[PDB]
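The structure under discussion appears below in the form of structure tokens.
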Amino acid sequence: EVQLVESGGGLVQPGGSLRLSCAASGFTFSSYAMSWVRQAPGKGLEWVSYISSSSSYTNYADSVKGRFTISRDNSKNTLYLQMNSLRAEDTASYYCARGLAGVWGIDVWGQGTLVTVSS
Amino acid sequence: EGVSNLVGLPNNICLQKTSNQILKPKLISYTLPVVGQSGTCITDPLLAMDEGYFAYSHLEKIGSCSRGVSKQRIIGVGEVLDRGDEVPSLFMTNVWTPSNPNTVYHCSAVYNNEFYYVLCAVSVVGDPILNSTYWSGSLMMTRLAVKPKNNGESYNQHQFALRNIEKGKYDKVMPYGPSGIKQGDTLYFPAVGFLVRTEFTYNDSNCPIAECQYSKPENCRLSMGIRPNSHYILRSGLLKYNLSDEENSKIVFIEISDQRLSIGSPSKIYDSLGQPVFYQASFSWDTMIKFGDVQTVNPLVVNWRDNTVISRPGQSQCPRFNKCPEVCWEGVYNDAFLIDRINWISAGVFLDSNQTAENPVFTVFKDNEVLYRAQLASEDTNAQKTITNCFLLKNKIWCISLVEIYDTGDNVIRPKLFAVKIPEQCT
Ligand SMILES: *[C@@H]1O[C@H](CO)[C@@H](O[C@@H]2O[C@H](CO)[C@@H](O[C@@H]3O[C@H](CO[C@H]4O[C@H](CO[C@H]5O[C@H](CO)[C@@H](O)[C@H](O)[C@@H]5O)[C@@H](O)[C@H](O)[C@@H]4O)[C@@H](O)[C@H](O[C@H]4O[C@H](CO)[C@@H](O)[C@H](O)[C@@H]4O)[C@@H]3O)[C@H](O)[C@H]2NC(C)=O)[C@H](O)[C@H]1NC(C)=O
Ligand SMILES: *[C@@H]1O[C@H](CO)[C@@H](O[C@@H]2O[C@H](CO)[C@@H](O[C@@H]3O[C@H](CO[C@H]4O[C@H](CO)[C@@H](O)[C@H](O)[C@@H]4O)[C@@H](O)[C@H](O[C@H]4O[C@H](CO)[C@@H](O)[C@H](O)[C@@H]4O)[C@@H]3O)[C@H](O)[C@H]2NC(C)=O)[C@H](O)[C@H]1NC(C)=O
Ligand SMILES: *[C@@H]1O[C@H](CO)[C@@H](O[C@@H]2O[C@H](CO)[C@@H](O[C@@H]3O[C@H](CO[C@H]4O[C@H](CO[C@H]5O[C@H](CO)[C@@H](O)[C@H](O)[C@@H]5O)[C@@H](O)[C@H](O)[C@@H]4O)[C@@H](O)[C@H](O)[C@@H]3O)[C@H](O)[C@H]2NC(C)=O)[C@H](O)[C@H]1NC(C)=O
Ligand SMILES: *[C@@H]1O[C@H](CO)[C@@H](O[C@@H]2O[C@H](CO)[C@@H](O[C@@H]3O[C@H](CO[C@H]4O[C@H](CO)[C@@H](O)[C@H](O)[C@@H]4O)[C@@H](O)[C@H](O)[C@@H]3O)[C@H](O)[C@H]2NC(C)=O)[C@H](O)[C@H]1NC(C)=O
Ligand SMILES: *[C@@H]1O[C@H](CO)[C@@H](O[C@@H]2O[C@H](CO)[C@@H](O[C@@H]3O[C@H](CO[C@H]4O[C@H](CO)[C@@H](O)[C@H](O)[C@@H]4O)[C@@H](O)[C@H](O)[C@@H]3O)[C@H](O)[C@H]2NC(C)=O)[C@H](O)[C@H]1NC(C)=O
């Protein structure tokens, strides 16, 4: 069974810099695609990033085009996200999946991680 | 390894009739909880599959699921790979969303060398088939690559307005259907026509009134329009787009034959074992399924099938299993895919109800009976539109079907996609 283990906390000052990690086990991480997705209470899904298998193609969203950059550590299964200069409109729970945005997902969302940006 | 279309010699599927449920559906549309629910609504699905690359489209409405507003339309393509436990799924690789959501209507997808053309209709008067008396007729093509690259700006997304239209005698053309086929260097899209009622040449004596005592002669002619006193009669067909020139956007409408002429409905044309198969929804008096393999594309003539067991439900005026002409425009889109040609076996998700739209049940029908069936949800779960496509996984046939069902803890009819494996044994 595919297990997604989210990490990273919240309650950061506006304009700070947080790092959200998400490791996984089961499927072979060496050849697949990863994408961060977030959702605030009141809204639906919205893709945050995207990355290819060999760390070749990287895509983002129009609201976070220059905020952060996704990475890949195929040696030791992990998925980092070096958020920089966040705003109040970024307070939402982030998740990790195997599809860019879609309505898809090939594994039950495990725990998720909340990031609070206020005061 | 990989995923290829129905070619070669696949594994032998079961052929006899049995009640033992040898079908094991698997949901591949795991969505996160929607805690903090609202009046959301998703409608107008789309699902195309060819050579291991898929597409998807949906319109999210806030409020009533029919007379609502538009917020976002997610149109994206992606690959078809294995999740790892020998189970195929649809991985997304690119997503496109238009700026103004209340512009795009009635999209249609197709596959090419290394792209995925999505032909949609642009309208500023609302839904076209409901307000066709004032539609302009502009059509926009959207190209989305199945493998984006870094900083292309011209390879991951490219749009262009279709200028030249080769409309023979109609007034407006519009893409109408989930997907189409490829023929090397030519693209074909399912569509419908808009011909004037007064300029219609159809003798009112070919109506099948053999045993229809409680009917009228002109029911065949009146059923060709959305309303009795309508201003346009629909006509199914195909749109040809010869992209091997690119000198000018060409729109060639290929009208369907007169054999079993029904009202315009969302049609689908797909390839299966070399020969292209055609489907047409039943939104008219003829409630039975309209299957058929195409022998001639340029002049569209399909060899229909006389299936008398699979149909779609409707209202009281034209319920299921109705075989007599009656003035009505109603039904639900439920297609199927040809999984074998030696025995002519098909498979698709159809509704099992007399005058309701509930109980979506997966079923496999050969020509005049059902071999093996399997339900997807309870006998009360609602369903409106179903799209079925089949492929291979390295030795065997797999079929992923998009079936809009009513989730329990969602209170909204979300399009959920399943995954059914056709077994290699009977019971
Ligand atoms: C299928 O497509 C057709 C397109 O052919 C659609 O029909 C079109 O509908 C639009 C609607 O905007 C028409 O445009 C104009 O509509 C105006 C409506 O007036 C207001 O209505 C609402 C009510 O609010 C006002 O109420 C009273 C009314 O007197 C006011 O006193 C009050 O102060 C409020 O302001 C408002 O919410 C709305 O915003 C409008 O402001 C018409 O007033 C307007 O008339 C002009 O054009 C006439 C010629 O058509 C002309 O004779 C008038 O003098 C005036 O200049 C205008 O019609 C389109 O006209 C109409 N098309 C056609 C061909 O008539 C149709 O709705 C669509 N159907 C579906 C199901 O999609
Ligand atoms: C749209 O579709 C309708 C229905 O099919 C067509 O109308 C029918 O046309 C056929 C002919 O193809 C009619 O069948 C017979 O017509 C004969 C016509 O009489 C004269 O016509 C020719 C010229 O065409 C003369 O040269 C010749 O002298 C004929 O005498 C009738 O005489 C026949 O009558 C027989 O049947 C009637 C019952 O209807 C019996 O009472 C008689 O005793 C006799 O046995 C025969 O009817 C047919 O009748 C037409 N139907 C109707 C309802 O009138 C249309 O033609 C078609 N539209 C177009 C543009 O072609
Ligand atoms: C979509 O749009 C594309 C265009 O982009 C269409 O493709 C065109 O298809 C036509 C088919 O008629 C092609 O026309 C062909 O031209 C050939 C010329 O090539 C060489 O011909 C000579 C060879 O001798 C020929 O002699 C006679 C002449 O009639 C033939 O009968 C013989 O069989 C020999 O082939 C050479 O001397 C000459 O120098 C040329 O090198 C010709 O030979 C073919 O008979 C035919 O007429 C056209 O070339 C295609 N265009 C492209 C760009 O490939 C396609 O059909 C469209 N699809 C639709 C409409 O569905
Ligand atoms: C409906 O069709 C199904 C098609 O797969 C049927 O399943 C098959 O049923 C037959 C007959 O019962 C089984 O054959 C027997 O299997 C048993 C048990 O096999 C298991 O053995 C170990 C446990 O000891 C287990 O770890 C394995 O994974 C096996 O599952 C054997 O002991 C017998 O000798 C004999 O081979 C098939 O095994 C079974 N298919 C599968 C994939 O297991 C089903 O029975 C049909 N139902 C009805 C009502 O007809
Ligand atoms: C779902 O749709 C099915 C197909 O449309 C329905 O089956 C149909 O049900 C109707 C309603 O009964 C049948 O229509 C009539 O049936 C009666 C039979 O009762 C009398 O018949 C004999 C012989 O005439 C008579 O002597 C006795 O007194 C009986 O009381 C008759 O009036 C007619 O013969 C006529 O057939 C259809 O025949 C039947 N069709 C089929 C293919 O079964 C089904 O009922 C629907 N279900 C629901 C829940 O709506």
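Labels used: A, B, ... for chains in the order of the structure tokens, numbers from 1 for residues in each chain, and numbers from 1 for ligands as shown.
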
Would you mind listing, for every residue of chain B within 7 Å of chain A, the two atoms forming the shortest contact and the distance between them in Å to one decimal, using only C-alpha atoms, sorted by chain and ascending residue number, as a Markdown table?
| residue | atom | partner | partner_atom | distance |
| --- | --- | --- | --- | --- |
| B:28 | CA | A:106 | CA | 5.8 |
| B:29 | CA | A:104 | CA | 4.9 |
| B:30 | CA | A:105 | CA | 5.1 |
| B:31 | CA | A:103 | CA | 6.5 |
| B:32 | CA | A:109 | CA | 6.5 |
| B:36 | CA | A:42 | CA | 6.3 |
| B:84 | CA | A:27 | CA | 5.9 |
| B:91 | CA | A:99 | CA | 5.5 |
| B:92 | CA | A:99 | CA | 4.9 |
| B:93 | CA | A:100 | CA | 6.2 |
| B:94 | CA | A:100 | CA | 6.9 |
| B:149 | CA | A:57 | CA | 5.9 |
| B:150 | CA | A:57 | CA | 5.7 |

For the selection just defined, write its residues with N, CA, C and O atoms to a file, as a PDB file, in the first residue's frame.
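Output file part07.pdb follows:
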ATOM      1  N   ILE B  28     -10.003   4.968  -9.490  1.00  0.00           N
ATOM      2  CA  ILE B  28      -8.717   5.624  -9.701  1.00  0.00           C
ATOM      3  C   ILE B  28      -8.899   7.136  -9.647  1.00  0.00           C
ATOM      4  O   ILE B  28      -8.081   7.891 -10.184  1.00  0.00           O
ATOM      5  N   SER B  29      -9.969   7.588  -8.995  1.00  0.00           N
ATOM      6  CA  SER B  29     -10.262   9.013  -8.903  1.00  0.00           C
ATOM      7  C   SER B  29     -10.330   9.461  -7.449  1.00  0.00           C
ATOM      8  O   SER B  29     -11.272  10.156  -7.052  1.00  0.00           O
ATOM      9  N   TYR B  30      -9.341   9.065  -6.647  1.00  0.00           N
ATOM     10  CA  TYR B  30      -9.327   9.397  -5.227  1.00  0.00           C
ATOM     11  C   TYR B  30      -9.218  10.901  -5.012  1.00  0.00           C
ATOM     12  O   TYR B  30      -8.165  11.498  -5.256  1.00  0.00           O
ATOM     13  N   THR B  31     -10.304  11.519  -4.558  1.00  0.00           N
ATOM     14  CA  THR B  31     -10.336  12.944  -4.281  1.00  0.00           C
ATOM     15  C   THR B  31     -10.322  13.190  -2.774  1.00  0.00           C
ATOM     16  O   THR B  31     -10.867  12.416  -1.984  1.00  0.00           O
ATOM     17  N   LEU B  32      -9.677  14.297  -2.373  1.00  0.00           N
ATOM     18  CA  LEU B  32      -9.563  14.677  -0.975  1.00  0.00           C
ATOM     19  C   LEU B  32     -10.920  15.098  -0.420  1.00  0.00           C
ATOM     20  O   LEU B  32     -11.820  15.465  -1.181  1.00  0.00           O
ATOM     21  N   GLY B  36     -16.501  21.419   4.658  1.00  0.00           N
ATOM     22  CA  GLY B  36     -16.887  22.781   4.356  1.00  0.00           C
ATOM     23  C   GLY B  36     -17.604  22.841   3.024  1.00  0.00           C
ATOM     24  O   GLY B  36     -17.265  23.650   2.156  1.00  0.00           O
ATOM     25  N   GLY B  84       1.907   0.518 -10.287  1.00  0.00           N
ATOM     26  CA  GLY B  84       2.913  -0.315  -9.659  1.00  0.00           C
ATOM     27  C   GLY B  84       2.414  -1.705  -9.325  1.00  0.00           C
ATOM     28  O   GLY B  84       3.142  -2.687  -9.501  1.00  0.00           O
ATOM     29  N   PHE B  91      -2.241   9.400 -15.313  1.00  0.00           N
ATOM     30  CA  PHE B  91      -1.352  10.393 -14.732  1.00  0.00           C
ATOM     31  C   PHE B  91      -1.390  11.673 -15.557  1.00  0.00           C
ATOM     32  O   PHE B  91      -1.274  11.638 -16.785  1.00  0.00           O
ATOM     33  N   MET B  92      -1.541  12.803 -14.874  1.00  0.00           N
ATOM     34  CA  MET B  92      -1.646  14.104 -15.519  1.00  0.00           C
ATOM     35  C   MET B  92      -0.261  14.700 -15.728  1.00  0.00           C
ATOM     36  O   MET B  92       0.590  14.649 -14.835  1.00  0.00           O
ATOM     37  N   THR B  93      -0.039  15.270 -16.915  1.00  0.00           N
ATOM     38  CA  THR B  93       1.234  15.889 -17.253  1.00  0.00           C
ATOM     39  C   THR B  93       1.120  17.354 -17.652  1.00  0.00           C
ATOM     40  O   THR B  93       2.138  18.056 -17.644  1.00  0.00           O
ATOM     41  N   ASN B  94      -0.071  17.834 -17.998  1.00  0.00           N
ATOM     42  CA  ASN B  94      -0.257  19.225 -18.381  1.00  0.00           C
ATOM     43  C   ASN B  94      -1.708  19.608 -18.135  1.00  0.00           C
ATOM     44  O   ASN B  94      -2.616  18.796 -18.319  1.00  0.00           O
ATOM     45  N   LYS B 149       8.127  20.674 -22.297  1.00  0.00           N
ATOM     46  CA  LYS B 149       9.553  20.923 -22.158  1.00  0.00           C
ATOM     47  C   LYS B 149       9.780  22.238 -21.424  1.00  0.00           C
ATOM     48  O   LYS B 149       8.843  22.995 -21.152  1.00  0.00           O
ATOM     49  N   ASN B 150      11.044  22.507 -21.110  1.00  0.00           N
ATOM     50  CA  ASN B 150      11.394  23.677 -20.315  1.00  0.00           C
ATOM     51  C   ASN B 150      11.445  24.923 -21.193  1.00  0.00           C
ATOM     52  O   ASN B 150      12.255  25.001 -22.124  1.00  0.00           O
TER      53      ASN B 150
END

Within 10 Å of ligand 2, counting only C-alpha atoms and all ligand atoms, which protein or nucleic acid residues do you find, written as a compact mmCIF listing (two decimals) with N, CA and C atoms, in the first residue's frame?
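Just written: out.txt:
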# COMPACT_ATOMS: atom_id res chain seq x y z
N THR B 201 -35.19 18.05 -47.04
CA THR B 201 -35.72 17.15 -48.06
C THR B 201 -35.81 15.75 -47.46
N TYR B 202 -36.97 15.41 -46.91
CA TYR B 202 -37.21 14.10 -46.32
C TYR B 202 -38.68 13.75 -46.50
N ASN B 203 -38.96 12.78 -47.36
CA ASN B 203 -40.33 12.36 -47.61
C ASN B 203 -40.94 11.77 -46.34
N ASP B 204 -42.16 12.21 -46.02
CA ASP B 204 -42.84 11.75 -44.82
C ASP B 204 -43.53 10.42 -45.04
N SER B 205 -42.79 9.43 -45.55
CA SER B 205 -43.33 8.09 -45.74
C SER B 205 -42.33 6.99 -45.42
N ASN B 206 -41.13 7.32 -44.98
CA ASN B 206 -40.13 6.32 -44.60
C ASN B 206 -40.08 6.08 -43.10

Would you mind listing what lies within 12 Å of residue 66 (chain A) as a list in words, with only C-alpha atoms counted and same-chain residues fewer than 6 positions away left out? residues 48, 49, 59, 60, 82, 83, 84, 85 and 86 of chain A

The selected residues should be written to file as a compact mmCIF listing (two decimals), in the first residue's frame (atoms: N, CA, C and O atoms).
# COMPACT_ATOMS: atom_id res chain seq x y z
N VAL A 48 0.37 23.33 -7.15
CA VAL A 48 1.35 24.26 -6.59
C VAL A 48 2.67 24.12 -7.33
O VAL A 48 3.43 25.09 -7.45
N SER A 49 2.95 22.92 -7.84
CA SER A 49 4.21 22.65 -8.53
C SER A 49 4.05 21.37 -9.33
O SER A 49 2.99 20.73 -9.32
N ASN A 59 7.15 22.75 -13.57
CA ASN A 59 6.07 23.70 -13.83
C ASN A 59 5.53 24.21 -12.50
O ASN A 59 5.69 23.58 -11.45
N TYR A 60 4.88 25.37 -12.55
CA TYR A 60 4.34 26.01 -11.36
C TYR A 60 2.98 26.60 -11.72
O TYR A 60 2.41 26.32 -12.78
N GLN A 82 10.91 24.75 -1.14
CA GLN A 82 11.54 25.85 -0.43
C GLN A 82 10.71 27.12 -0.64
O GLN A 82 11.05 28.00 -1.43
N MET A 83 9.60 27.20 0.09
CA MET A 83 8.72 28.36 0.00
C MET A 83 9.45 29.62 0.46
O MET A 83 10.16 29.61 1.46
N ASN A 84 9.26 30.70 -0.29
CA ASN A 84 9.92 31.97 -0.01
C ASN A 84 8.95 33.12 -0.24
O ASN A 84 8.26 33.15 -1.26
N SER A 85 8.91 34.05 0.71
CA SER A 85 8.11 35.27 0.60
C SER A 85 6.62 34.95 0.42
O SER A 85 5.97 35.44 -0.51
N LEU A 86 6.10 34.12 1.31
CA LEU A 86 4.68 33.77 1.26
C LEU A 86 3.83 34.96 1.70
O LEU A 86 4.30 35.91 2.32

So that I can check the secondary structure, give me every residue of region 19-126 of chain B assigned strand (DSSP E) by backbone DSSP, as a VMD selection string. chain B and resid 40 to 50 53 to 62 72 to 73 75 to 79 91 to 96 104 to 109 116 to 122

Print the selection's residues with N, CA and C atoms to a file, as a short mmCIF file (atom, residue, chain, number, x, y, z; two decimals), in the first residue's frame.
data_model
loop_
_atom_site.label_atom_id
_atom_site.label_comp_id
_atom_site.auth_asym_id
_atom_site.auth_seq_id
_atom_site.Cartn_x
_atom_site.Cartn_y
_atom_site.Cartn_z
N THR B 40 -21.40 23.28 -4.93
CA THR B 40 -20.58 22.99 -6.09
C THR B 40 -21.27 21.98 -7.01
N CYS B 41 -20.80 21.92 -8.25
CA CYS B 41 -21.37 21.03 -9.26
C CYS B 41 -20.42 20.90 -10.45
N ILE B 42 -20.15 19.67 -10.87
CA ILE B 42 -19.28 19.40 -12.01
C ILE B 42 -20.10 18.69 -13.08
N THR B 43 -20.04 19.20 -14.31
CA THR B 43 -20.79 18.64 -15.42
C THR B 43 -19.96 18.74 -16.69
N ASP B 44 -20.54 18.25 -17.79
CA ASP B 44 -19.92 18.23 -19.11
C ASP B 44 -18.55 17.56 -19.06
N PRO B 45 -18.48 16.25 -18.87
CA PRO B 45 -17.19 15.57 -18.83
C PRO B 45 -16.62 15.35 -20.23
N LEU B 46 -15.38 14.87 -20.26
CA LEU B 46 -14.71 14.54 -21.51
C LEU B 46 -13.57 13.58 -21.20
N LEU B 47 -13.44 12.54 -22.03
CA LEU B 47 -12.40 11.54 -21.81
C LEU B 47 -12.03 10.92 -23.15
N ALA B 48 -10.79 11.11 -23.58
CA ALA B 48 -10.26 10.52 -24.79
C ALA B 48 -8.99 9.76 -24.47
N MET B 49 -8.78 8.64 -25.16
CA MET B 49 -7.61 7.81 -24.94
C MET B 49 -7.12 7.26 -26.27
N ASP B 50 -5.82 7.36 -26.51
CA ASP B 50 -5.21 6.84 -27.73
C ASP B 50 -3.70 6.73 -27.58
N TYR B 53 -2.17 7.98 -24.11
CA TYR B 53 -2.26 9.37 -23.69
C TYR B 53 -3.73 9.75 -23.61
N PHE B 54 -4.11 10.38 -22.50
CA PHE B 54 -5.50 10.69 -22.23
C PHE B 54 -5.72 12.19 -22.13
N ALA B 55 -6.99 12.58 -22.09
CA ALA B 55 -7.40 13.97 -21.92
C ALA B 55 -8.59 14.01 -20.97
N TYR B 56 -8.92 15.21 -20.51
CA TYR B 56 -10.01 15.38 -19.55
C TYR B 56 -10.47 16.82 -19.57
N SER B 57 -11.77 17.02 -19.33
CA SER B 57 -12.35 18.35 -19.30
C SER B 57 -13.60 18.31 -18.43
N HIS B 58 -13.85 19.42 -17.73
CA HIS B 58 -15.01 19.52 -16.85
C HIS B 58 -15.27 20.98 -16.55
N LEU B 59 -16.54 21.30 -16.28
CA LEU B 59 -16.96 22.65 -15.93
C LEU B 59 -17.54 22.63 -14.52
N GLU B 60 -16.92 23.39 -13.62
CA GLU B 60 -17.33 23.43 -12.22
C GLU B 60 -18.34 24.56 -12.04
N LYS B 61 -19.54 24.21 -11.60
CA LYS B 61 -20.62 25.18 -11.39
C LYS B 61 -20.87 25.36 -9.90
N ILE B 62 -21.27 26.57 -9.52
CA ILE B 62 -21.58 26.91 -8.14
C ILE B 62 -23.08 27.18 -8.06
N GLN B 72 -14.52 27.62 -13.46
CA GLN B 72 -13.25 27.14 -13.97
C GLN B 72 -13.50 25.93 -14.86
N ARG B 73 -12.68 25.80 -15.90
CA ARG B 73 -12.77 24.66 -16.81
C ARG B 73 -11.37 24.09 -16.97
N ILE B 75 -8.95 21.72 -18.52
CA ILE B 75 -8.72 20.89 -19.69
C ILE B 75 -7.24 20.52 -19.72
N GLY B 76 -6.95 19.24 -19.53
CA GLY B 76 -5.57 18.80 -19.48
C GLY B 76 -5.34 17.41 -20.03
N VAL B 77 -4.12 17.14 -20.48
CA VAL B 77 -3.75 15.84 -21.02
C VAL B 77 -2.67 15.22 -20.15
N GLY B 78 -2.43 13.94 -20.36
CA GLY B 78 -1.44 13.23 -19.57
C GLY B 78 -1.22 11.84 -20.12
N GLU B 79 -0.31 11.12 -19.47
CA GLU B 79 0.07 9.78 -19.89
C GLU B 79 -0.76 8.72 -19.15
N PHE B 91 -2.24 9.40 -15.31
CA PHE B 91 -1.35 10.39 -14.73
C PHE B 91 -1.39 11.67 -15.56
N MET B 92 -1.54 12.80 -14.87
CA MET B 92 -1.65 14.10 -15.52
C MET B 92 -0.26 14.70 -15.73
N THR B 93 -0.04 15.27 -16.92
CA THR B 93 1.23 15.89 -17.25
C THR B 93 1.12 17.35 -17.65
N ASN B 94 -0.07 17.83 -18.00
CA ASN B 94 -0.26 19.23 -18.38
C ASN B 94 -1.71 19.61 -18.13
N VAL B 95 -1.91 20.85 -17.71
CA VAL B 95 -3.24 21.37 -17.38
C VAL B 95 -3.38 22.77 -17.96
N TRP B 96 -4.50 23.02 -18.63
CA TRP B 96 -4.80 24.33 -19.18
C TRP B 96 -6.19 24.76 -18.75
N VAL B 104 -16.36 28.57 -23.36
CA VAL B 104 -16.07 27.30 -24.00
C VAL B 104 -17.23 26.34 -23.79
N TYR B 105 -17.66 25.69 -24.87
CA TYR B 105 -18.75 24.72 -24.81
C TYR B 105 -18.52 23.62 -25.84
N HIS B 106 -18.87 22.39 -25.46
CA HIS B 106 -18.91 21.24 -26.36
C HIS B 106 -17.55 20.99 -27.01
N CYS B 107 -16.59 20.63 -26.17
CA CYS B 107 -15.25 20.32 -26.64
C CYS B 107 -15.22 18.94 -27.31
N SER B 108 -14.11 18.67 -27.98
CA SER B 108 -13.88 17.38 -28.63
C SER B 108 -12.38 17.19 -28.80
N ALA B 109 -11.89 16.02 -28.42
CA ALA B 109 -10.46 15.74 -28.39
C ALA B 109 -10.07 14.78 -29.50
N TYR B 116 -2.20 16.78 -28.63
CA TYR B 116 -3.57 16.35 -28.34
C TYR B 116 -4.49 17.54 -28.61
N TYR B 117 -5.04 17.57 -29.82
CA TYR B 117 -5.90 18.67 -30.23
C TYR B 117 -7.27 18.55 -29.56
N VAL B 118 -7.73 19.65 -28.97
CA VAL B 118 -9.03 19.70 -28.29
C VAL B 118 -9.85 20.77 -29.00
N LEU B 119 -10.81 20.34 -29.81
CA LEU B 119 -11.65 21.26 -30.57
C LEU B 119 -12.89 21.61 -29.76
N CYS B 120 -13.00 22.88 -29.38
CA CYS B 120 -14.13 23.38 -28.61
C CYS B 120 -14.84 24.47 -29.40
N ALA B 121 -16.06 24.78 -28.97
CA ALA B 121 -16.88 25.81 -29.61
C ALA B 121 -16.92 27.05 -28.73
N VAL B 122 -16.82 28.22 -29.37
CA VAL B 122 -16.85 29.50 -28.68
C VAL B 122 -18.20 30.16 -28.95
#

Do you know which residues are at most 6 Å from region 350-367 of chain B counting only C-alpha atoms, after dropping those on the same chain fewer than 2 positions away, and could you put them as a VMD selection string? chain B and resid 307 313 to 315 319 to 320 334 345 to 347 369 to 376 379 to 383

Write out as number ranges by chain each polymer residue (protein, DNA or RNA) that has an atom no more than 12 Å from ligand 3, with only C-alpha atoms and all ligand atoms counted. B: 182-188, 239-252, 254, 297-299

Go ahead and compute the interatomic distance for CA of residue 30 (chain A) and CA of residue 76 (chain A), in Å to one decimal. 9.7 Å

Shell of 10 Å around residue 271 (chain B), only C-alpha atoms, local chain residues under 4 positions omitted, as a PyMOL selection string: chain B and resi 5-7+50+180-183+275-278+293-294+337-338

Residues from the last selection, N, CA and C atoms, saved as an mmCIF file, in the first residue's frame:
data_model
loop_
_atom_site.group_PDB
_atom_site.id
_atom_site.type_symbol
_atom_site.label_atom_id
_atom_site.label_comp_id
_atom_site.auth_asym_id
_atom_site.auth_seq_id
_atom_site.Cartn_x
_atom_site.Cartn_y
_atom_site.Cartn_z
ATOM 1 N N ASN B 5 -2.846 0.503 -28.103
ATOM 2 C CA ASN B 5 -4.234 0.315 -28.495
ATOM 3 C C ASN B 5 -4.496 -1.153 -28.827
ATOM 4 N N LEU B 6 -5.741 -1.447 -29.193
ATOM 5 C CA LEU B 6 -6.158 -2.814 -29.496
ATOM 6 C C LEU B 6 -5.566 -3.225 -30.838
ATOM 7 N N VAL B 7 -4.387 -3.846 -30.801
ATOM 8 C CA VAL B 7 -3.709 -4.327 -31.996
ATOM 9 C C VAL B 7 -3.066 -5.669 -31.684
ATOM 10 N N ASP B 50 -5.816 7.364 -26.511
ATOM 11 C CA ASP B 50 -5.214 6.844 -27.734
ATOM 12 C C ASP B 50 -3.702 6.726 -27.583
ATOM 13 N N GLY B 180 -12.290 11.571 -31.303
ATOM 14 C CA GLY B 180 -12.290 11.164 -32.695
ATOM 15 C C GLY B 180 -11.178 10.180 -33.001
ATOM 16 N N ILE B 181 -10.757 10.104 -34.263
ATOM 17 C CA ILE B 181 -9.720 9.170 -34.680
ATOM 18 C C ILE B 181 -8.651 9.914 -35.470
ATOM 19 N N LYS B 182 -7.579 9.190 -35.782
ATOM 20 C CA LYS B 182 -6.519 9.661 -36.658
ATOM 21 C C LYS B 182 -6.362 8.702 -37.831
ATOM 22 N N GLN B 183 -5.916 9.238 -38.963
ATOM 23 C CA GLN B 183 -5.685 8.443 -40.166
ATOM 24 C C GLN B 183 -4.333 8.802 -40.771
ATOM 25 N N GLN B 275 -9.979 -1.221 -37.669
ATOM 26 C CA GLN B 275 -11.156 -0.608 -38.261
ATOM 27 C C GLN B 275 -11.784 0.362 -37.275
ATOM 28 N N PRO B 276 -12.155 1.558 -37.733
ATOM 29 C CA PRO B 276 -12.771 2.536 -36.827
ATOM 30 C C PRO B 276 -14.235 2.235 -36.550
ATOM 31 N N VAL B 277 -14.626 2.306 -35.284
ATOM 32 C CA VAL B 277 -15.997 2.070 -34.882
ATOM 33 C C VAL B 277 -16.654 3.412 -34.582
ATOM 34 N N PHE B 278 -17.978 3.465 -34.717
ATOM 35 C CA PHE B 278 -18.714 4.704 -34.525
ATOM 36 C C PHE B 278 -19.850 4.473 -33.542
ATOM 37 N N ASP B 293 -19.778 -0.086 -37.230
ATOM 38 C CA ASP B 293 -18.371 -0.016 -37.662
ATOM 39 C C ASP B 293 -18.380 0.761 -38.967
ATOM 40 N N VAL B 294 -17.383 1.617 -39.187
ATOM 41 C CA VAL B 294 -17.396 2.474 -40.397
ATOM 42 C C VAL B 294 -16.613 1.778 -41.499
ATOM 43 N N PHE B 337 -17.300 0.433 -26.062
ATOM 44 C CA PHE B 337 -16.082 0.258 -26.839
ATOM 45 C C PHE B 337 -16.001 -1.175 -27.341
ATOM 46 N N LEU B 338 -15.567 -1.333 -28.589
ATOM 47 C CA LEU B 338 -15.448 -2.659 -29.181
ATOM 48 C C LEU B 338 -14.170 -3.336 -28.700
#

Neighbourhood of ligand 1 at 7 Å, counting only C-alpha atoms and all ligand atoms, reported as JSON, numbers by chain: {"B": [125, 126, 127, 130, 131, 134]}

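Compared by their closest atoms to residue 398 (chain B), and using only C-alpha atoms, the residues B:113, B:308, B:89, B:18 rank with B:89 nearest.
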
Enumerate as a PyMOL selection string the residues within 12 Å of ligand 4, counting only C-alpha atoms and all ligand atoms. chain B and resi 14+18-24+372+422-427

Kindly give the distance, in Å, that separates CA of residue 170 (chain B) and CA of residue 295 (chain B), rounded to a single decimal.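 Here the two named atoms are 24.6 Å from each other.
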
Give me, as a VMD selection string, all polymer residues having an atom no more than 7 Å from residue 9 (chain A), counting only C-alpha atoms and skipping those fewer than 4 positions away in the same chain. chain A and resid 113 to 115

Å distance separating atom 35 (C, counted along the ligand's line) of ligand 5 from CA of residue 283 (chain B), one decimal place: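 Atom-to-atom, atom 35 (C, counted along the ligand's line) of ligand 5 to CA of residue 283 (chain B), that is 25.1 Å.
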